[PDB]
Amino acid sequence: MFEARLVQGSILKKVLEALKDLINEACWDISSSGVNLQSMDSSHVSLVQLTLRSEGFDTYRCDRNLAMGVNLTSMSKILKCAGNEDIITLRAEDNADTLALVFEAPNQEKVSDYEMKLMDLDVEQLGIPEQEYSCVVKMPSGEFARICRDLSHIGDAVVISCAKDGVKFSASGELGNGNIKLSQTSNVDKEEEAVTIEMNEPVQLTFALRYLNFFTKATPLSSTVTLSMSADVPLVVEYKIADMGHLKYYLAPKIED
Amino acid sequence: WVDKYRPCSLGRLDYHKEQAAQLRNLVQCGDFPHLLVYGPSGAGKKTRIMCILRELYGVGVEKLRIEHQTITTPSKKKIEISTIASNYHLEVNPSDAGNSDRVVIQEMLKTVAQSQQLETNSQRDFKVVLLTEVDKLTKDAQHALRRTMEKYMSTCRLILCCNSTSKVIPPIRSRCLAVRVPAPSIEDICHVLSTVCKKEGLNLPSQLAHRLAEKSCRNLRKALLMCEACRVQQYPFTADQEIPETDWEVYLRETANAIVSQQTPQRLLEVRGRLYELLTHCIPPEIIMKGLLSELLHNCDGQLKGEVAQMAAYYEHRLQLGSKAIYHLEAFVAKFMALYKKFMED
Amino acid sequence: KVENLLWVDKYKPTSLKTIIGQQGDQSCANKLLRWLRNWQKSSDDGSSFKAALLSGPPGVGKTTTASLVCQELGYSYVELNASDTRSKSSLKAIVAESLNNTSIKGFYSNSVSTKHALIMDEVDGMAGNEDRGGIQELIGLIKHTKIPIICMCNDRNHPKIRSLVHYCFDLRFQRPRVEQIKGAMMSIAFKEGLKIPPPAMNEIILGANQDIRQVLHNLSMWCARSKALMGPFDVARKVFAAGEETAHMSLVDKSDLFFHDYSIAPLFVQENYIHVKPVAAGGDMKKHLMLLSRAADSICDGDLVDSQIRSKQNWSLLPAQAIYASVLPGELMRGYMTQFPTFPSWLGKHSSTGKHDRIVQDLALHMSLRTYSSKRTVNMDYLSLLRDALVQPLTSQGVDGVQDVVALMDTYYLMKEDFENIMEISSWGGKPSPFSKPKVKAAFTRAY
Amino acid sequence: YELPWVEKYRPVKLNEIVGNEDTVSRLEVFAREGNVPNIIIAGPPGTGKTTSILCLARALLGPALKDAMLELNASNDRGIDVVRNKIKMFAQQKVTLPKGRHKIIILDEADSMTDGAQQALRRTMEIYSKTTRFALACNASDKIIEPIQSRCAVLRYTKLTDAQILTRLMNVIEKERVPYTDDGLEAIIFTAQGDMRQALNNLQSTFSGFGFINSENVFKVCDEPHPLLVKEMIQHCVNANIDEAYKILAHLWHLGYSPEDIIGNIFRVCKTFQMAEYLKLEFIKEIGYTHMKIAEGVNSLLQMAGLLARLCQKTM
Amino acid sequence: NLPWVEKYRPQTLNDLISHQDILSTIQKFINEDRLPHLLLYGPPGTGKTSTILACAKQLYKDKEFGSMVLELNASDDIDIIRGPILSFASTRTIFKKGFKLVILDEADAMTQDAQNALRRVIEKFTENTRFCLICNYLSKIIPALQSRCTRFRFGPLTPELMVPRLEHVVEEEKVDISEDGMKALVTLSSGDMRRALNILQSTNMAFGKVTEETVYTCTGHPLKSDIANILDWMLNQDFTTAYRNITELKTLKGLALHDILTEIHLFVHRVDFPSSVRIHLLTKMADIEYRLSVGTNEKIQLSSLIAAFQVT
Ligand SMILES: Nc1ncnc2c1ncn2[C@@H]1O[C@H](COP(=O)(O)OP(=O)(O)OP(O)(O)=S)[C@@H](O)[C@H]1O
Ligand SMILES: Nc1ncnc2c1ncn2[C@@H]1O[C@H](COP(=O)(O)OP(=O)(O)OP(O)(O)=S)[C@@H](O)[C@H]1O
Ligand SMILES: Nc1ncnc2c1ncn2[C@@H]1O[C@H](COP(=O)(O)OP(=O)(O)OP(O)(O)=S)[C@@H](O)[C@H]1O
Ligand SMILES: Nc1ncnc2c1ncn2[C@@H]1O[C@H](COP(=O)(O)OP(=O)(O)O)[C@@H](O)[C@H]1O
Ligand SMILES: [Mg+2]
Ligand SMILES: [Mg+2]
Ligand SMILES: [Mg+2]
């Protein structure tokens, strides 16, 4: 039996509204170490890796390593039934067909125990190796979301150029051209908004904006987004969780001529 | 060169000159009516129609294109049709849609009527919707044609190019000026052949042109093709050329001769194979029946010809009611064998 | 141990040398393999296309062919079935940004291989209001792509697909010959421990119309009936017998013989009634011919009833048809079948007629200078004279075949495909085309 | 509210279906071993298609029938959107069944699905065949597109002989103790025409309206042209007596029997009649011709009288 | 003003005539709460939509009649089944306890797919909604659907039964009806009380008196003497003078060839022939009718009919 009680319930909610539009159905790999989720977009262009460590869950109990396929749309539809203050308890039997989610209101007698129906998913874990990226840009999440949502109005392809002095996003569409250059920030009081660009070689890649806008749906997860990027490897948009794990999005570059 | 010497102006026609002057007077006066032009195949209905269009609109009626429209049946069986169109007319054959000929008429007439509302100013205030092969429209489609012909009378005129109007509803015959294009005489065919060869600069003699005319059987296109085909093989033109005939004429003739030769089921099976080879090449069953019946009547007795003629008429009639033509063709053959053997033996 | 898998999945073609249909030099699977292997040179004479269109009858191996081809070359494909919505908006929001993009399977593999391709299966299912504007956006994607799109259809002669074939390398799967499927299914039935007489195997393969999936499902049901311890050919042979059905059959039974497979029984009877020798007509050919004519009359009456039932769905005339097309001829031809109840062979002739029809219609539409007749013999005689026009220059002089072929091909707006169509279209009686009756044809395809 | 006999006596296991011994034998084999293929059961109405599929699904799954079976009637929305969402999410759904058992998706009235729905159902049938099995039922097996028949075993069903309907009718009578007589049972079997559900419905309606079952009473609730009158009319036509056959014909026309009904009964009676053989065939030919002419729309009494005149002049 | 086909409608269930067995059985069904789905079929004007409406008004009240009875015509439109019918049958009515009633008039104009859907709807909700289908051709109804429900053939009304109601209507109104005007009304009605009352009212309102001549002129029905004249021209004249006479009569009054042919058939059966001649007349007339059904010239078909009669 796998039972995981999480007091910070909202996290789950947010995560599922972060994936439910990029991924349609995923395979939660539960183990005594935590919860992992590696899942490729249906068009084989974007990959997502979620990790929630067992030390972040208020109570964690996994006996045998489960691998439960869920329909992330159905899971989001179930989790939308929980208030932002609820204590969420996932529970699943040895090899059950259903996953019981118990939302307990914090200070009431209202306890709502739903029972989602798992699906059959035969996915293979892609092997992503630990890399040392050329350009790592740690910026505020809202900043990146604004950048992507703005450039989506101009054109449907963002050219990211990570030079020495600062990163520069660019786009060109039938109504004109635009480019947001983003300079590194100084050692000024607030820490979260301090842009931090650590580069080794000036890289330049071209990515699709549809998937970047799918990525930015996880901005409420954390305030700082980390863009790792090297030549001819997928962009790595990483959002930390509140000391529970992380959520990384790999986006593959456009075809260069 | 069949398409290389066909005239393009009503004053340039080779035969039926009084009718040509009449048609010119018609297009000259106002309010061009709905025309129903008919007459045996290969007599010049399309030539006269194209000349009428050249007299009606400018010469821009020759710079045409080929549009491919899709129609939807009262179910999901989608059908695709071919409309040859110009800047002032549209020639569609609303019969390839086998039994969905009622919707193509409505939709095409509607589309042409609405396109004429987009600044038709060249010389006339209407367009022409030339429907070829009208006598094969279903009655439910001819009724729609009747309705949508008046519904959009003011903006588009119709020219129905059929032959042997016998299967055209009187409601239509009463709303179209009947232009009748007879088959040109033997002498007219001879004169147009001599004219074509002289413009070609050839030596077409006076005894070969007459053989071409008598073999063409008042069909001008057949005569022109035979003249062109006796040149691709033996340019010098003598009095006794072996003027060729199309492949299927020969096949249908040898099939009839085979039916006449033997009267055994082992022969009837080979005749079934021949009828399949004929049907597969998409030649109409009525043509098969008429061509078989002729060569058969050439090999019967005067007392038997009546029964055979009535048998062919009966079977052909029934074939126009069923779906699989090979059934009725083979039945006709089997019946003729059973009759001819009993006649010859006895 | 119980099996949780069908035969259609136990004995699927796990490799490429196992596709029963095509293992030849230039077949639908090797042509596609060679078009894919050197697709990079695009961005057979099909190296100029950006997409393939595998089309043909059901159950022949199109899906398996495309999957195994994309799998042998290390490609990685994204299949889009008909159970996936593919309207214009959905299509250009799902697969638009993936065509000119790199696949993440190209970096992270569990070896690593680039060359991502797309597979658009069941492209003729993109019909109806749900998939509104699918084919238009699909050709708009094919026009601007950077990865090989492999579209699969089911009937190339479709209105929506006719606007798509102009952009796709056109492959066409043939129904596999009966001997190939026979060898394969005999090997399979041997693996399974099921013994079936080869005649019954030929019967099963023919009744299923050489549909390998259907013959596999039929073998499964056969083995099921075997473990439990009347086909079309059998009933078609039981209607023209004499000696055993004297008291065994009545009008109800003879009328029921039609109802076993009432959709195909009349065709079987019309095909096999001619190989019978009426016991009533004891060798007297004058009576045997008369019985044949009477049976033919009855079969035409059955055809009339059939054409009447088809139009308005009036299933109350089924007994009348059973009387005209199956019982009557029986009593008229009640002798002894000679050889075998051969297949009706009318469906193939109707399909070939539809092919010749559309071929002639296309060739005639290109000759729309100032003359046209949709599909009549008017065009069959223009096109016979065009075939004798074309072949003449080359028959008589090798040096003028090119000049005249081009002059005519461009005077009437014709192409090389049109040439091939006009050549083996007017071959009556299996007569060889006057173009194979040598050295100039090689330079003829290369210089055109 | 008591439920009808068509349901109170519905067979709950395949040993009680009397329809087609060979096909039901195949299905019992499948209910024993357990690895069914996608099956399309096609046949005339009332013969036990829905019942066979339901009993097969029950015997396969067992107590997981609430969890592993999805039935979709003709009264349910089965457009392309339902086929792409509900049926697909059920095929993908995980249910743990014994070794050889599979989930079952019963699409009753499979001939009522539009082509788009079946096209969207093809690949769902094909992909998930490792855990999901489909069981379609239909009457017109040509309304199902060819690619769906290519991935199904097409099990044919045929009408029931009179003996089978009689056995089941006696099994029901024994349980209900309804007073009957042989002529009444022959009347019910004549009005049934193979439909085993029609026979039961007529039995229950007759018993509930009147009680005792006799032919006089059976033809008081069915009320089609009494086969004795039609037999007498055909007999007069055999003796070349037109003026005495038109008598019965105009009598039947007086009571307002539609000519389609008159021709249906004339055919069904002239088929199993006691004439010669050649004469019977010469009669059935003309009756078929007139049936064609009436289905086409020429349904006046003059056409029936012309049919009688032809039948008379066949026997000089 | 108000038509007599509505003023004299049978308001109760016993005011129905000529169907005493069916009416008694339906009344017994009502008394015992055993009312099954009903299929009322038969020729027009015989009392179907009145039988079921009387049964309804006996079953519900007049204020429950809007929320528990769905009177739906089937000739307006598969969507009608899963639409209003499935949404009416599946839902309860809030405060009323008891089944509902759905009355599908013209239930044979439904396509076969709609009848499959409706058969499943019926089979499902069979204890809170009773269906009553109404049709003229039971042959048009799918055998599946008809199996579900008990069938009642409302045949035509014999003239003995229907004459008393016409006599009551005549006495209640003021119609000076002759002793044969009633006969020429019963004959032309052909056994549907609606047409009988309609013809009677319209003729009494147009001419003012009903007799054997006035009704024949108000309905334009070909008089018996005219058809006798035509048969005499055909039977006792030259071919050409019969063609001329028949054409002149056929154009004098509005007369087609279908009606000529029908009446001439009835006469062929009336008058005495050698009984081997009427086999020929009947065959030829039944072929001429088929020939006319396909849209042919009537000038060649009339001549064919005269040729048929020239066997004499
Ligand atoms: N050439 C073949 N060789 C071996 N098995 C075959 C072959 N063709 C079909 N099969 C079998 O039939 C099954 C289905 O074949 P598919 O290739 O899926 O048919 P299909 O061409 O997709 O037909 P559609 O999609 O209905 S038009 C496979 O799983 C194989 O078991
Ligand atoms: N072969 C049979 N053996 C026993 N009872 C049968 C048989 N066929 C039908 N029945 C009875 O008839 C009832 C209805 O039969 P169904 O299984 O509904 O037939 P069906 O094939 O569904 O007919 P449709 O769906 O209208 S085409 C069942 O509840 C049984 O009581
Ligand atoms: N048995 C009857 N008793 C009394 N009046 C009747 C009877 N039958 C018909 N009528 C009268 O005829 C009129 C029409 O009868 P309806 O019941 O409407 O016939 P109908 O069966 O509905 O015909 P349809 O709907 O066109 S098939 C009614 O208004 C009554 O006045
Ligand atoms: N007046 C004419 N002068 C010369 N050739 C003609 C004339 N009329 C018809 N033709 C010949 O007939 C050919 C086509 O006949 P067409 O006009 O199509 O008649 P139909 O429509 O009956 O076949 C033309 O290409 C031309 O060769
Ligand atoms: Mg496939
Ligand atoms: Mg059923
Ligand atoms: Mg009514």
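Residues numbered from 1 in each chain as written, not as in the entry; some residues may be left out. Chains lettered and ligands numbered in written order. Part of a larger assembly, values for the part shown. Heavy atoms only, no water.

- Method of structure determination, per the deposited record: cryo-EM was used for this entry, reaching 3.4 Å resolution.

**A look at the interface of chain C and chain B**
Here is step 1 of the chain: Listed by partner, the interface residues are 58 residues for chain C and 60 residues for chain B.
Here is step 2 of the chain: For the chain C and chain B pair, buried surface summed over both sides reaches about 5800 Å², with 60% attributable to carbon and sulfur atoms.
Here is step 3 of the chain: Of all residues in chain C, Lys286, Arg370 and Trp428 of chain C give up the largest surface area on contact with chain B, accounting jointly for 14% of the area buried on that side.
Here is step 4 of the chain: Summed over the shared surface of chain C and chain B, the number is five salt bridges.
Here is step 5 of the chain: Between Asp3 of chain B and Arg370 of chain C there is a salt bridge whose closest N-O contact spans 3.8 Å.
Here is step 6 of the chain: There are 17 residue pairs in polar contact connecting chain C and chain B.
Here is step 7 of the chain: Here the element with the most residues in the side of chain C that touches chain B is helix 14 (residues 285-311) of chain C; it accounts for 16 residues.
Here is step 8 of the chain: Residues that form the side of chain C that touches chain B fall into these classes: 23 nonpolar, 20 polar and 15 charged. (Contact = heavy atoms within 4.5 Å. Buried area = accessible area lost by both parts, 1.4 Å probe. Salt bridge = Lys/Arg side-chain N within 4 Å of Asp/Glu carboxyl O. Polar contact = N/O pair within 3.5 Å; in protein donor to acceptor, adjacent residues only side chain to side chain. Helix = DSSP H or I, 4+ residues; strand = E, 2+ residues; numbered from the N terminus. Nonpolar A, V, L, I, M, F, W, Y, C, P; charged D, E, K, R; others polar.)

**Things to note about the sheet that holds strand 5 (residues 153-156) of chain D**
Residue and element names in this part refer to chain D.
Here is step 1 of the chain: Read across the open sheet, the five strands follow the order 2-3-4-1-5; overall the sheet is parallel. Lying at the two open borders of the sheet, with one neighbouring strand each, are strand 2 (69-72) and strand 5. Between one strand axis and the next, the sheet turns by 15° as a mean value, whatever way the strands run.
Here is step 2 of the chain: In the sheet, strand 2 pairs with strand 3 (residues 103-107) via four bridges, with the strands oriented parallel. The residue bridging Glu71 from the neighbouring strand is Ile106, located in strand 3.
Here is step 3 of the chain: Each of strand 2, strand 3 and strand 4 (132-138) touches helix 5 (residues 80-92); the most contacted strand, strand 3, lies at about 160° to it. (Pairing = 2+ DSSP bridges. Axes fitted to C-alpha atoms, helices over the stretch in contact; angles between N-to-C directions.)

**Digging into the domain arrangement of chain D**
Here is step 1 of the chain: Annotation of chain D at the domain level lists domain 1 (1-160), domain 2 (161-224) and domain 3 (225-316).
Here is step 2 of the chain: Once you take the C-alpha centre of each, domain 1 of chain D and domain 3 of chain D turn out to be 43 Å apart. (Domains from an automatic or database assignment.)

**Re the interface of chain A and chain C**
Here is step 1 of the chain: Listed as interface residues are 28 residues of chain A and, on the opposing side, 19 residues of chain C.
Here is step 2 of the chain: Interface area, chain A with chain C, both sides summed: about 2000 Å², of which 58% is carbon and sulfur.
Here is step 3 of the chain: Considering only the surface of chain A that becomes buried against chain C, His44, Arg210 and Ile255 of chain A emerge as the three largest contributors, covering 29% of it.

**Overview of the sheet that holds strand 16 (residues 224-229) of chain A**
All names here are of chain A.
Here is step 1 of the chain: Spatially, nine strands are ordered 6-2-3-4-18-17-16-10-14 in an open sheet, and the strand pairing comes out antiparallel. Because the sheet does not close on itself, it has two edges, and the strands there are strand 6 (67-70) and strand 14 (196-199). Looking at each pair of strands side by side, their axes are set apart by 15° on average, direction ignored.
Here is step 2 of the chain: Summarising the sheet, strand 10 (residues 135-140) and strand 14 pair through four bridges and their orientation is antiparallel. Bridged to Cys135 within strand 14 is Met199.
Here is step 3 of the chain: Lying over the sheet, helix 3 (residues 141-154) contacts strand 10, strand 16 and strand 17 (235-240), oriented at roughly 100° with respect to strand 10.

**Let's talk about empty space enclosed by the protein**
Here is step 1 of the chain: Taken as a whole, the largest cavity spans an internal volume of roughly 590 Å³.
Here is step 2 of the chain: Taken together, 33 residues form the lining of the largest cavity, with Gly46, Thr47, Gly48, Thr51 and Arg197 of chain D sitting closest to its centre.
Here is step 3 of the chain: Elements represented by at least two residues in the lining of the largest cavity include exactly helix 1 (5-8), helix 3 (49-61), strand 4 and helix 10 (196-209) of chain D together with helix 5 (112-124) and helix 6 (143-148) of chain E.
Here is step 4 of the chain: Broken down by element, the residue count for the lining of the largest cavity peaks at four residues, all from helix 5 of chain E.
Here is step 5 of the chain: Residues belonging to the lining of the largest cavity are distributed by class as follows: 12 nonpolar, eight polar and 13 charged. (1 Å grid on protein atoms, 1.4 Å probe; cavity = no way out; pocket = protein on both sides within 12 Å on 5 of 7 lines; lining within 4 Å. Points joined across faces, edges and corners; volume = space filled by probe spheres on them.)

**Section: the UniProt feature "disulfide bond" in chain A**
Residue and element names in this part refer to chain A.
Here is step 1 of the chain: Per UniProt, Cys135 and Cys162 form a disulfide, and the coordinates bear that out, putting the sulfurs 2.0 Å apart. One end of the pair, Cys135, is in strand 10; the other, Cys162, is in strand 11 (residues 157-162), with 27 residues separating them in the sequence. Pair check on accessibility: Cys135 and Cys162 agree, each one buried. (Disulfide = S-S within 2.5 Å. UniProt positions renumbered as here; feature names shortened; annotations may be inferred. Buried < 20%, exposed > 50% of the residue type's maximum accessible area, 1.4 Å probe, protein only.)

**With respect to the environment of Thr206 of chain D**
All names here are of chain D.
Here is step 1 of the chain: Tracing the sequence through the fold places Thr206 in helix 10.
Here is step 2 of the chain: For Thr206 and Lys220, which are 14 residues apart along the polypeptide, the C-alpha to C-alpha distance reads 8.4 Å.
Here is step 3 of the chain: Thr206 has contacts with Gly211, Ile213, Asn217, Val218 and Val221, leaving out every residue within four places of it along the chain.

**Some remarks on the site of ligand 1**
Here is step 1 of the chain: In the vicinity of ligand 1, 22 residues are found, and the nearest of them are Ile20, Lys62, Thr63 and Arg213 of chain C together with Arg151 of chain D.
Here is step 2 of the chain: Within the backbone of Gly59 of chain C, one N or O atom sits 3.1 Å away from an oxygen atom of ligand 1.
Here is step 3 of the chain: Within the side chain of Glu126 of chain D, a nitrogen or oxygen atom sits 2.9 Å from an oxygen atom of ligand 1.
Here is step 4 of the chain: For ligand 1, whose accessible area on its own is 640 Å², the fraction buried by protein is 96%.
Here is step 5 of the chain: Listing elements by their share of the shell around ligand 1, those giving two or more residues are helix 3 (62-72) and helix 10 (212-227) of chain C together with helix 6 (115-127) of chain D.
Here is step 6 of the chain: The residue makeup of the shell around ligand 1, split by class, is nine nonpolar, seven polar and six charged. (Near = heavy atom within 4 Å. Areas by Shrake-Rupley, 256 points an atom, 1.4 Å probe, with all protein chains shown as cover.)

**Some remarks on the arrangement of the chains**
Here is step 1 of the chain: Most contacts, among the six pairs of chains that meet, fall between chains B and C.
Here is step 2 of the chain: Separated in space, chain A and chain B share no contact, their closest pair of C-alpha atoms being 30 Å apart.

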